[PDB]
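Colleague: Quick one: the structure is below, questions incoming.
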Amino acid sequence: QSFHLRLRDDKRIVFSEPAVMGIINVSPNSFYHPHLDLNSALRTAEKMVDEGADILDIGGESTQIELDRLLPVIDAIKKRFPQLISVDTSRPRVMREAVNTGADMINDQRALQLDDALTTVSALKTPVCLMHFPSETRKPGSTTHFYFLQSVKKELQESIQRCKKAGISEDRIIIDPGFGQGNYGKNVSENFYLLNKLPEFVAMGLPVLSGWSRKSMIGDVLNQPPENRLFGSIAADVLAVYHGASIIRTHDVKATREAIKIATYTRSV
Amino acid sequence: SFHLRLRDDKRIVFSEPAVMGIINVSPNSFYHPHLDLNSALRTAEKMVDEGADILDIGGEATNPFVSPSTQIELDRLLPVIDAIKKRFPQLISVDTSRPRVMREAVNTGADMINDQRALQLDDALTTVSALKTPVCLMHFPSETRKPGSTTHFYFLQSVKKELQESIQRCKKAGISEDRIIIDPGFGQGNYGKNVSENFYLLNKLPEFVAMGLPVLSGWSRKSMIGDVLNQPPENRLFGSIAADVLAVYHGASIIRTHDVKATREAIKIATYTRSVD
Amino acid sequence: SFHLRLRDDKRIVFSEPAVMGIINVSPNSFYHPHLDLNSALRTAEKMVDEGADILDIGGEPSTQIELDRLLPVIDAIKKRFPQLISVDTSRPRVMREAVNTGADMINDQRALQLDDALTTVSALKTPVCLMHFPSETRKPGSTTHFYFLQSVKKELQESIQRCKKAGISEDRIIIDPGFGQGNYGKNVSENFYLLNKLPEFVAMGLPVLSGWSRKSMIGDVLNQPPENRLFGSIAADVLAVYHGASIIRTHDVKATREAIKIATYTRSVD
Amino acid sequence: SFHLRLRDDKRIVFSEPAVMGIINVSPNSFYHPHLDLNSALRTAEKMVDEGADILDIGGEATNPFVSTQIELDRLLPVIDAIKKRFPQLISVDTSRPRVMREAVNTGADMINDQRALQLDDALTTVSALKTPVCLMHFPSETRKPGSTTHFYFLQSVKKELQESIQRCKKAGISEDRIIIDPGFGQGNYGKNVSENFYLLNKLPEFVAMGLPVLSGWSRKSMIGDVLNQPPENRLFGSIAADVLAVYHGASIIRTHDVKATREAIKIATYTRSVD
Ligand SMILES: Nc1nc(O)c2nc(CNc3ccc(C(=O)O)cc3)cnc2n1
Ligand SMILES: Nc1nc(O)c2nc(CNc3ccc(C(=O)O)cc3)cnc2n1
Ligand SMILES: Nc1nc(O)c2nc(CNc3ccc(C(=O)O)cc3)cnc2n1
Ligand SMILES: Nc1nc(O)c2nc(CNc3ccc(C(=O)O)cc3)cnc2n1
Ligand SMILES: [Cl-]
Ligand SMILES: [Cl-]
Ligand code: NA
Ligand code: NA
Ligand code: NA
């Protein structure tokens with residue numbers, strides 16, 4: 001699985017194999033490895049760069065505090081490292097300033113639903129990741145697995161179409177089924193069903209991004225706290241790439257990179 | 001047997017329990033949401049071929065107790081009702097709690113109204129009385145009740161009392177007895193019952209049947225079956241059939257189901273067994 | 001029969017509905033303001049002799065004023081009497097200081113809506129009464145009774161869920177429909193409807209508290225001033241207990257206690 | 001009237017036979033498995049309301065007719081939640097020394113061992129923990145039921161229990177911390193129906209050993225066999241066995257049915273002591 005994106009300067013970047021996107025959360029309230037200051041975030045960035053990350057995803061999600069956290073990190077990373085920078089936000093103002101500070105792409109868990117977001121991404125000309133997120137509160141397990149998958153695909157296609165209409169280029173759109181529980185509105189079996197059926201998303205023609213890293217589904221199946229979820233998480237990434245995923249979002253860059261290389265070879269014989 | 005008197009005074013006689021097939025047309029609906037008109041019609045066609053007596057169409061977007069949503073509900077319902085009215089002979093039921101949806105659905109061809117909230121919303125009683133259609137009154141779904149907070153016996157008594165009051169509310173409003181159907185409201189979640197309470201109501205269904213009106217029961221694919229079998233909704237067919245069988249064995253008049261043919265065949269055996277008394 | 005768990009983890013069981021006597025220590029308080037410490041203690045003494053299970057003390061710069069009225073009373077009561085003490089307040093700081101002084105539980109008419117209230121009660125580990133308080137923009141009578149009731153239950157459920165999420169133990173939550181007119185945003189018939197439907201609150205699975213004592217809906221129905229509302233008030237207490245209420249908040253301890261004893265017996269004989 | 005000494009050296013006195021309610025948190029149990037913390041707590045609340053003196057929490061699946069971490073994950077949360085809520089004594093039904101330590105550390109007041117501290121380290125663990133312990137008679141090996149006379153079987157049971165008691169005293173376990181139990185049951189409890197009834201009829205012989213005696217017939221197969229009833233229908237027969245056990249001097253009754261048992265044994269106690 002190879003793919004490309006067109007950056008905001010119309011420069012084409014080609015990935016010869018699935019990309020690894022390392023996570024740097026600067027929100028003290030994150031479930032895993034919150035970064036409370038700039039120095040600690042930069043220590044993580046350096047490790048991830050050493051471990052071979054392709055992209056670093058910086059998130060800190062009330063707008064000014066988000067900016068005070070994100071901007072210093074993006075600036076420092078842009079200054080020090082050659083990695084592509086993704087900003088994980090749903091706020092148009094954050095997108096604008098993040099990109100002005102050096103972010104190359106926008107990762108939106110809300111798929112540009114927040115007013116002004118769509119036009120903002122079109123105006124910035126950056127690649128964007130559209131993650132599937134419930135219209136509103138969904139009851140997990142309330143439909144068959146098949147019909148749930150149908151709705152996720154349908155809604156992602158609608159998001160893609162909104163992007164194209166707003167003038168976002170086809171080579172700037174990444175999609176993500178939005179793996180997780182809690183407000184991601186899925187139970188464990190639904191998450192695994194979407195993973196099993198990932199080729200149906202891949203067949204939509206855009207690069208697919210997948211993030212299982214240390215999440216509750218692994219915790220539930222293994223009965224392990226987040227710190228003990230490494231091996232289970234690696235397994236999900238392997239399966240995601242085996243099924244055609246283009247980008248893996250992870251807290252564990254080296255382990256993911258090595259594991260998915262095996263998935264790629266298995267898939268590519 | 002039982003009959004329903006339609007708004008034009010024609011009496012539909014049912015010599016055996018009726019099977020009401022379900023077509024949910026809201027995105028947040030249970031089991032199988034129909035996301036467009038064509039998909040809704042494919043299901044109707046299947047259910048018609050499987051021998052449905054009634055097709056129950058519902059597309060509620062939001063709870064009216066908590067307009068744009070009214071119009072959204074209409075936009076989803078009317079095209080399906082209209083297409084079915086033109087194509088098929090089946091009776092059409094509209095599952096809604098909104099008086100305006102009731103009026104427009106009936107004008108479009110709906111024969112009866114199915115209200116989970118028992119016409120409690122402002123103007124619902126008067127609306128149904130004026131429409132002169134049969135109506136199903138369900139045990140009101142209490143989102144705040146803590147299941148198990150009373151004993152099975154007392155909970156059963158409270159369900160019976162509430163249904164008796166809903167019947168009286170209807171009669172006082174000028175809704176005729178031959179257009180009233182009652183339903184103990186099987187389900188968990190917002191239906192304010194746990195697994196054991198649901199099974200207790202099912203075992204005690206004859207107590208609802210003795211109230212003298214046709215009783216409707218809907219277990220199809222619901223969480224009670226999932227919890228007992230440890231299965232997702234697509235794997236609850238055989239458990240659901242069993243509940244329909246027992247409901248009919250105990251005297252239920254109408255079964256509301258996602259699986260028409262299977263329900264129809266199974267309850268025929270329940271009906272025969274019940275009949276040999 | 002119900003129970004609560006105090007902040008020391010001690011299980012308190014009530015073999016029958018508890019009577020909570022009211023001691024208001026603010027000058028603008030309802031029915032009988034206690035203008036000094038001595039008067040408050042005389043009332044406490046009477047209510048203890050009359051069989052009160054709990055004493056609810058309430059006195060709502062202004063925080064400090066509330067404390068100077070409350071603490072001396074709570075302190076005196078804590079030293080002299082074995083009854084449980086409740087503090088009627090919405091202010092986190094008053095909650096902390098009152099509990100530190102001897103209050104066993106917190107009674108919040110605002111259901112811990114005031115910032116820091118939730119975290120404060122969770123840390124204090126005391127039981128808390130959550131009363132429903134309709135939006136102050138509400139106009140009584142502008143919705144049907146049934147509709148209004150659903151919104152009251154829904155909002156109480158949301159308050160309960162906030163408490164649980166904040167780590168407040170289920171055996172430390174009491175709920176209250178918030179009987180009253182005026183700023184309680186209800187009219188006479190809405191109050192009687194909630195009373196008639198009280199078993200629907202009991203069905204939420206937590207002890208229910210009710211307070212009709214001397215209130216305006218009795219005054220309006222009987223055309224009586226506060227002094228003449230005793231017989232109507234106990235009638236409301238009787239009905240509340242008959243419908244399953246666990247705690248009755250009253251200015252008239254002896255009369256309420258005796259009346260609800262009859263209600264409890266009648267309810268109990270299934 | 002009997003007494004026990006808790007590990008805090010405080011003596012607890014029972015003026016009448018104590019009722020021990022059963023809370024099993026294992027998925028595979030023949031009667032009322034508790035599969036989650038909440039169900040276990042509901043049962044506990046009900047049993048406390050009904051007047052239970054002791055709650056016996058077990059995480060080992062009990063089917064007589066057919067990992068340490070898994071037992072702890074089921075038990076500890078329940079024991080913790082009970083310790084924080086109720087004044088009742090907490091018993092932990094386990095044979096695993098590690099479980100004994102962790103359960104006691106979490107709040108268990110005594111240890112109920114169906115193996116009478118046979119597993120290595122169990123003896124020394126209980127002596128060091130300083131908690132009361134119930135020693136239940138269990139087949140040293142696979143016994144064939146009905147293979148000896150009733151009298152000779154009883155002799156072996158009494159001899160083996162006496163050996164167990166002696167092992168405990170030698171290990172330094174206090175005499176006011178030892179409870180004994182004839183181990184009523186079939187299957188791997190190594191007895192048939194007649195043998196169980198013989199032991200019950202002869203309960204006074206265990207009572208004469210000078211330690212409080214615990215007895216557990218609740219909804220067991222002996223009742224099922226005699227009445228031809230599934231577990232749900234064994235209440236009345238179970239009550240009868242409890243009545244006889246108490247009439248013969250049992251100090252503790254282990255039951256799934258607290259209120260019914262308490263009421264029945266009050267009658268037994270009245271009759272026994274009217275003298
Ligand atoms: N594109 C994209 N894709 C994701 O998967 C993602 N996940 C998070 C993290 N959000 C969650 C959700 C659920 C859970 C749990 O159940 O454990 C954990 C973390 C943040 N940004 C994200 N962005
Ligand atoms: N007359 C009537 N009778 C019903 O039984 C019914 N059920 C639904 C569907 N509602 C539910 C409720 C609970 C559950 C669960 O626990 O799984 C599922 C679906 C919609 N209209 C209904 N109408
Ligand atoms: N938990 C609880 N429950 C109450 O019922 C209550 N009432 C008051 C007193 N408030 C009112 C409200 C209305 C009226 C009237 O209309 O007469 C009188 C007094 C103060 N704290 C209270 N706390
Ligand atoms: N002290 C003590 N005393 C018991 O009697 C006991 N029983 C069990 C449960 N074990 C059984 C054995 C046999 C049977 C049957 O034949 O039905 C049923 C249950 C677990 N802990 C126990 N602990
Ligand atoms: Cl449905
Ligand atoms: Cl007052
Ligand atoms: Na791939
Ligand atoms: Na409805
Ligand atoms: Na009519």
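All residue names refer to the structure tokens as shown: chains lettered A, B, ... in order, residues numbered from 1 in each chain, ligands numbered from 1 in order.
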Which residues are near stretch 217-222 of chain C? Cut-off 7 Å, only C-alpha atoms, ignore same chain within fewer than 4 positions. Put them as an NGL selection string.
Modeller: :C and (188 or 226 or 229 or 232-233)
Colleague: If you run DSSP on the backbone here, which positions in stretch 70-196 of chain B get helix (DSSP H, G or I)? Please write them as a ChimeraX atom specification.
Modeller: /B:70-87,99-108,124-131,152-172,177-179,189-191,195-196
Colleague: Determine, counting only C-alpha atoms, which protein, DNA and RNA residues have an atom within 12 Å of an atom of residue B:51; residues of the same chain fewer than 5 positions away are not included. Present the result as an MDAnalysis selection string.
Modeller: chainID B and resid 18:21 44:46 88:91 259:265
Colleague: Near residue B:173, within 12 Å and counting only C-alpha atoms, which residues show up once chain neighbours fewer than 5 positions away are dropped, as JSON, numbers by chain?
Modeller: {"B": [119, 123, 124, 125, 126, 127, 128, 129, 130, 131, 132, 166, 167, 168]}
Colleague: Using only C-alpha atoms, which residues sit within 9 Å of stretch 52-57 of chain C once same-chain residues fewer than 2 positions away are excluded, as a PyMOL selection string?
Modeller: chain C and resi 18-25+44+47-50+59+70+73-74+77+82-89+103+106-107+249+253-254+257
Colleague: Generate a file of the selected residues that holds N, CA and C atoms, formatted as a compact mmCIF listing (two decimals), in the first residue's frame.
Modeller:
# COMPACT_ATOMS: atom_id res chain seq x y z
N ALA C 18 -37.85 9.09 58.45
CA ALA C 18 -37.18 10.00 59.37
C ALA C 18 -37.83 11.38 59.34
N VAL C 19 -37.93 12.01 60.50
CA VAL C 19 -38.44 13.38 60.57
C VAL C 19 -37.27 14.34 60.70
N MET C 20 -37.19 15.28 59.76
CA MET C 20 -36.14 16.28 59.77
C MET C 20 -36.73 17.63 60.21
N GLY C 21 -36.37 18.09 61.41
CA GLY C 21 -36.85 19.36 61.93
C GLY C 21 -36.05 20.51 61.35
N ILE C 22 -36.74 21.62 61.07
CA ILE C 22 -36.12 22.76 60.41
C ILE C 22 -35.73 23.84 61.41
N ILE C 23 -34.49 24.31 61.34
CA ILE C 23 -34.08 25.47 62.13
C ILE C 23 -33.46 26.52 61.22
N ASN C 24 -34.25 27.52 60.85
CA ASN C 24 -33.79 28.60 59.98
C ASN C 24 -33.15 29.73 60.79
N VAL C 25 -31.92 30.10 60.44
CA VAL C 25 -31.18 31.07 61.23
C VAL C 25 -30.87 32.35 60.46
N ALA C 44 -34.22 23.76 68.82
CA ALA C 44 -33.55 22.46 68.74
C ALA C 44 -33.98 21.55 69.89
N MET C 47 -37.49 20.26 69.47
CA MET C 47 -37.62 19.31 68.37
C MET C 47 -37.00 17.97 68.74
N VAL C 48 -35.91 18.01 69.50
CA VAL C 48 -35.28 16.80 70.00
C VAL C 48 -36.24 16.07 70.94
N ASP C 49 -36.88 16.83 71.83
CA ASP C 49 -37.85 16.25 72.76
C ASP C 49 -39.05 15.68 72.02
N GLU C 50 -39.38 16.26 70.87
CA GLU C 50 -40.52 15.83 70.09
C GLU C 50 -40.21 14.66 69.16
N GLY C 59 -29.08 29.01 56.80
CA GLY C 59 -28.97 30.44 57.00
C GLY C 59 -28.51 31.21 55.77
N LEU C 70 -24.49 30.00 61.13
CA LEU C 70 -24.63 28.54 61.13
C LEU C 70 -23.77 27.81 62.16
N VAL C 73 -24.51 27.39 65.88
CA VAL C 73 -25.68 26.54 66.10
C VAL C 73 -25.33 25.07 65.90
N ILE C 74 -24.64 24.76 64.82
CA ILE C 74 -24.21 23.40 64.56
C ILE C 74 -23.29 22.91 65.68
N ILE C 77 -25.40 22.25 68.85
CA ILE C 77 -26.21 21.06 68.65
C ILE C 77 -25.34 19.80 68.69
N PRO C 82 -27.73 13.98 70.06
CA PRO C 82 -27.29 12.86 69.23
C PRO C 82 -27.92 12.84 67.84
N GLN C 83 -28.94 13.66 67.60
CA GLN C 83 -29.59 13.67 66.29
C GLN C 83 -28.59 13.99 65.20
N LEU C 84 -28.87 13.51 64.00
CA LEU C 84 -28.11 13.86 62.82
C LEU C 84 -28.33 15.33 62.48
N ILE C 85 -27.27 15.99 62.01
CA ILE C 85 -27.35 17.38 61.60
C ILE C 85 -27.23 17.51 60.09
N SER C 86 -28.14 18.27 59.49
CA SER C 86 -28.09 18.57 58.07
C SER C 86 -27.83 20.07 57.92
N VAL C 87 -27.02 20.44 56.94
CA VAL C 87 -26.82 21.85 56.63
C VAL C 87 -27.44 22.18 55.27
N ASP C 88 -28.36 23.14 55.28
CA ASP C 88 -29.07 23.57 54.08
C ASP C 88 -28.29 24.72 53.45
N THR C 89 -27.55 24.42 52.39
CA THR C 89 -26.71 25.42 51.73
C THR C 89 -26.34 25.00 50.31
N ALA C 103 -21.83 18.86 61.04
CA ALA C 103 -22.91 18.45 60.14
C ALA C 103 -22.63 17.06 59.57
N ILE C 106 -25.54 17.14 53.86
CA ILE C 106 -25.75 18.40 53.16
C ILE C 106 -27.07 18.39 52.40
N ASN C 107 -27.85 19.45 52.56
CA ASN C 107 -29.12 19.60 51.87
C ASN C 107 -29.02 20.76 50.89
N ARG C 249 -39.43 16.86 55.89
CA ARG C 249 -38.83 18.09 56.40
C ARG C 249 -39.94 18.99 56.94
N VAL C 253 -42.42 18.94 64.37
CA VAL C 253 -41.87 17.60 64.54
C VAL C 253 -42.84 16.60 65.15
N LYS C 254 -43.40 16.92 66.31
CA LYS C 254 -44.32 16.01 66.98
C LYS C 254 -45.53 15.64 66.13
N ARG C 257 -44.49 13.56 63.05
CA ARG C 257 -44.07 12.22 63.47
C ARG C 257 -45.27 11.31 63.75
Colleague: Name the closest residue to ligand 1 among the candidates A:269, A:23, A:42, A:240; distances are taken between atoms, counting only C-alpha atoms and all ligand atoms.
Modeller: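 Smallest separation from ligand 1 among the options: A:23.
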Colleague: Within 6 Å of ligand 7, counting only C-alpha atoms and all ligand atoms: which residues, as a list in words?
Modeller: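 Every residue with an atom at most 6 Å from ligand 7 is listed here: residues 1, 18, 241, 242, 244, 245, 246 and 264 of chain A.
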Colleague: Would you put the residues from that selection into a file with C-alpha atoms, as a short mmCIF file (atom, residue, chain, number, x, y, z; two decimals), in the first residue's frame?
Modeller:
data_model
loop_
_atom_site.label_atom_id
_atom_site.label_comp_id
_atom_site.auth_asym_id
_atom_site.auth_seq_id
_atom_site.Cartn_x
_atom_site.Cartn_y
_atom_site.Cartn_z
CA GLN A 1 0.00 0.00 0.00
CA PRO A 18 2.06 2.72 5.36
CA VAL A 241 -2.32 -2.65 7.75
CA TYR A 242 -2.92 -6.24 6.61
CA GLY A 244 -5.00 -2.03 3.68
CA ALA A 245 -4.69 0.87 6.15
CA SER A 246 -2.36 3.68 4.97
CA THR A 264 2.78 -5.26 4.60
#
Colleague: In Å, rounded to a single decimal, give me how far atom CA of residue A:108 is from atom CA of residue A:131.
Modeller: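 So the answer is 6.3 Å.
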Colleague: So that I can check the surroundings of residue D:172, please list as a list in words every protein, DNA and RNA residue that reaches within 9 Å of it, counting only C-alpha atoms and ignoring chain neighbours fewer than 4 positions away.
Modeller: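 Residues near the query, excluding close chain neighbours: residues 124, 127, 128, 167 and 168 of chain D.
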Colleague: Set the distance at 8 Å and use only C-alpha atoms: which residues neighbour residue B:116 once local chain neighbours fewer than 4 positions away are removed? I'd like the list as a list in words.
Modeller: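 So the residues in contact are residues 95, 96, 97, 136, 137, 138, 139, 140, 141 and 185 of chain B.
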Colleague: What residues in chain C lie within 9 Å of chain D, counting only C-alpha atoms, written as a PDB file with N, CA, C and O atoms, in the first residue's frame?
Modeller:
ATOM      1  N   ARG C   5     -25.121   6.240  54.569  1.00  0.00           N
ATOM      2  CA  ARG C   5     -23.776   5.952  55.029  1.00  0.00           C
ATOM      3  C   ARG C   5     -23.045   7.258  55.288  1.00  0.00           C
ATOM      4  O   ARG C   5     -22.846   8.064  54.378  1.00  0.00           O
ATOM      5  N   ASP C   9     -18.090   6.126  57.118  1.00  0.00           N
ATOM      6  CA  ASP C   9     -18.501   4.832  56.584  1.00  0.00           C
ATOM      7  C   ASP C   9     -19.479   4.090  57.489  1.00  0.00           C
ATOM      8  O   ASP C   9     -19.799   2.931  57.236  1.00  0.00           O
ATOM      9  N   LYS C  10     -19.963   4.745  58.537  1.00  0.00           N
ATOM     10  CA  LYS C  10     -20.920   4.077  59.413  1.00  0.00           C
ATOM     11  C   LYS C  10     -22.326   4.037  58.802  1.00  0.00           C
ATOM     12  O   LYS C  10     -22.852   5.043  58.330  1.00  0.00           O
ATOM     13  N   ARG C  11     -22.902   2.839  58.783  1.00  0.00           N
ATOM     14  CA  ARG C  11     -24.216   2.600  58.202  1.00  0.00           C
ATOM     15  C   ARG C  11     -25.306   2.971  59.203  1.00  0.00           C
ATOM     16  O   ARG C  11     -25.380   2.399  60.291  1.00  0.00           O
TER      17      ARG C  11
END
Colleague: Please determine the contact residues of chain A with respect to chain B at a cut-off of 9 Å, counting only C-alpha atoms, and supply them as a ChimeraX atom specification.
Modeller: /A:138-139,141-148,151,189
Colleague: Any chance you could tabulate, as JSON lines, the residues of chain D at most 8 Å from ligand 4 with each one's nearest atom pair and distance in Å to one decimal, using only C-alpha atoms and all ligand atoms, in chain and rising number order?
Modeller:
{"residue": "D:30", "atom": "CA", "partner": "ligand 4", "partner_atom_place_in_ligand_line": "18 (C)", "distance": 7.5}
{"residue": "D:58", "atom": "CA", "partner": "ligand 4", "partner_atom_place_in_ligand_line": "21 (N)", "distance": 7.8}
{"residue": "D:62", "atom": "CA", "partner": "ligand 4", "partner_atom_place_in_ligand_line": "10 (N)", "distance": 5.6}
{"residue": "D:63", "atom": "CA", "partner": "ligand 4", "partner_atom_place_in_ligand_line": "19 (C)", "distance": 6.3}
{"residue": "D:64", "atom": "CA", "partner": "ligand 4", "partner_atom_place_in_ligand_line": "13 (C)", "distance": 5.0}
{"residue": "D:65", "atom": "CA", "partner": "ligand 4", "partner_atom_place_in_ligand_line": "16 (O)", "distance": 7.7}
{"residue": "D:93", "atom": "CA", "partner": "ligand 4", "partner_atom_place_in_ligand_line": "21 (N)", "distance": 6.3}
{"residue": "D:112", "atom": "CA", "partner": "ligand 4", "partner_atom_place_in_ligand_line": "1 (N)", "distance": 5.5}
{"residue": "D:113", "atom": "CA", "partner": "ligand 4", "partner_atom_place_in_ligand_line": "1 (N)", "distance": 6.5}
{"residue": "D:114", "atom": "CA", "partner": "ligand 4", "partner_atom_place_in_ligand_line": "23 (N)", "distance": 5.4}
{"residue": "D:134", "atom": "CA", "partner": "ligand 4", "partner_atom_place_in_ligand_line": "1 (N)", "distance": 5.9}
{"residue": "D:135", "atom": "CA", "partner": "ligand 4", "partner_atom_place_in_ligand_line": "1 (N)", "distance": 6.8}
{"residue": "D:136", "atom": "CA", "partner": "ligand 4", "partner_atom_place_in_ligand_line": "1 (N)", "distance": 5.3}
{"residue": "D:180", "atom": "CA", "partner": "ligand 4", "partner_atom_place_in_ligand_line": "1 (N)", "distance": 7.6}
{"residue": "D:181", "atom": "CA", "partner": "ligand 4", "partner_atom_place_in_ligand_line": "1 (N)", "distance": 5.7}
{"residue": "D:182", "atom": "CA", "partner": "ligand 4", "partner_atom_place_in_ligand_line": "5 (O)", "distance": 7.6}
{"residue": "D:183", "atom": "CA", "partner": "ligand 4", "partner_atom_place_in_ligand_line": "5 (O)", "distance": 4.8}
{"residue": "D:184", "atom": "CA", "partner": "ligand 4", "partner_atom_place_in_ligand_line": "5 (O)", "distance": 5.0}
{"residue": "D:185", "atom": "CA", "partner": "ligand 4", "partner_atom_place_in_ligand_line": "13 (C)", "distance": 3.6}
{"residue": "D:186", "atom": "CA", "partner": "ligand 4", "partner_atom_place_in_ligand_line": "16 (O)", "distance": 3.8}
{"residue": "D:187", "atom": "CA", "partner": "ligand 4", "partner_atom_place_in_ligand_line": "16 (O)", "distance": 5.9}
{"residue": "D:188", "atom": "CA", "partner": "ligand 4", "partner_atom_place_in_ligand_line": "13 (C)", "distance": 7.4}
{"residue": "D:189", "atom": "CA", "partner": "ligand 4", "partner_atom_place_in_ligand_line": "12 (C)", "distance": 6.0}
{"residue": "D:214", "atom": "CA", "partner": "ligand 4", "partner_atom_place_in_ligand_line": "1 (N)", "distance": 6.4}
{"residue": "D:215", "atom": "CA", "partner": "ligand 4", "partner_atom_place_in_ligand_line": "5 (O)", "distance": 6.0}
{"residue": "D:216", "atom": "CA", "partner": "ligand 4", "partner_atom_place_in_ligand_line": "5 (O)", "distance": 3.9}
{"residue": "D:217", "atom": "CA", "partner": "ligand 4", "partner_atom_place_in_ligand_line": "5 (O)", "distance": 6.3}
{"residue": "D:219", "atom": "CA", "partner": "ligand 4", "partner_atom_place_in_ligand_line": "17 (O)", "distance": 7.0}
{"residue": "D:220", "atom": "CA", "partner": "ligand 4", "partner_atom_place_in_ligand_line": "17 (O)", "distance": 3.6}
{"residue": "D:221", "atom": "CA", "partner": "ligand 4", "partner_atom_place_in_ligand_line": "17 (O)", "distance": 3.5}
{"residue": "D:222", "atom": "CA", "partner": "ligand 4", "partner_atom_place_in_ligand_line": "16 (O)", "distance": 6.1}
{"residue": "D:224", "atom": "CA", "partner": "ligand 4", "partner_atom_place_in_ligand_line": "17 (O)", "distance": 7.8}
{"residue": "D:254", "atom": "CA", "partner": "ligand 4", "partner_atom_place_in_ligand_line": "3 (N)", "distance": 6.8}
